[PDB]
């Protein structure tokens, strides 16, 4: 199984990036970089090689919904999987994220099992 899949973990909260990085490590993914908002994320992404994004919503500089739309509109990365992991849990917002092309959606607080389950589901949808 491909464990070199390179993840970008985006969240303004250091503890949450640490949680997500540690969980990915458990799953066998050691190629993980971090960003603190959408602007930071877009800079990291131009270094190449990223195969998967896990992103927060509420962040300064550029929020996760803006980030997601930007990625979906870029020919350099239009179909790049983006898992939302966020405290944002209003039905309207979840629908909006989905319509904006989110690959999946996890509400905080979440268990290790939930993250693994949602990542697996995305892999399956894409033939990964």
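Positions refer to the first chain, counted from 1. For clarity, a rigid core is taken as the largest C-alpha set superposing within 1.5 Å between two forms.
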Quiz item: Between 89-97 and 73-81, which has the larger RMS C-alpha deviation from this form in 8 other deposited structures of this protein after core superposition?
Solution: 89-97
Quiz item: Out of 111-119 and 19-27, which shows the greater rigid core-aligned C-alpha deviation in 8 other deposited structures of this protein?
Solution: 111-119
Quiz item: Going by the B-factors listed in the PDB entry, is the mean over the C-alpha atoms higher for 46-54 or for 70-78?
Solution: 70-78
Practice problem: Pick between 117-125 and 3-11: the one whose mean CA B-factor in the entry is higher. | Solution: 117-125
Self-check item: Candidate set 93, 103, 86, 61 [ranked by C-alpha B-factor, highest]
Solution: 93
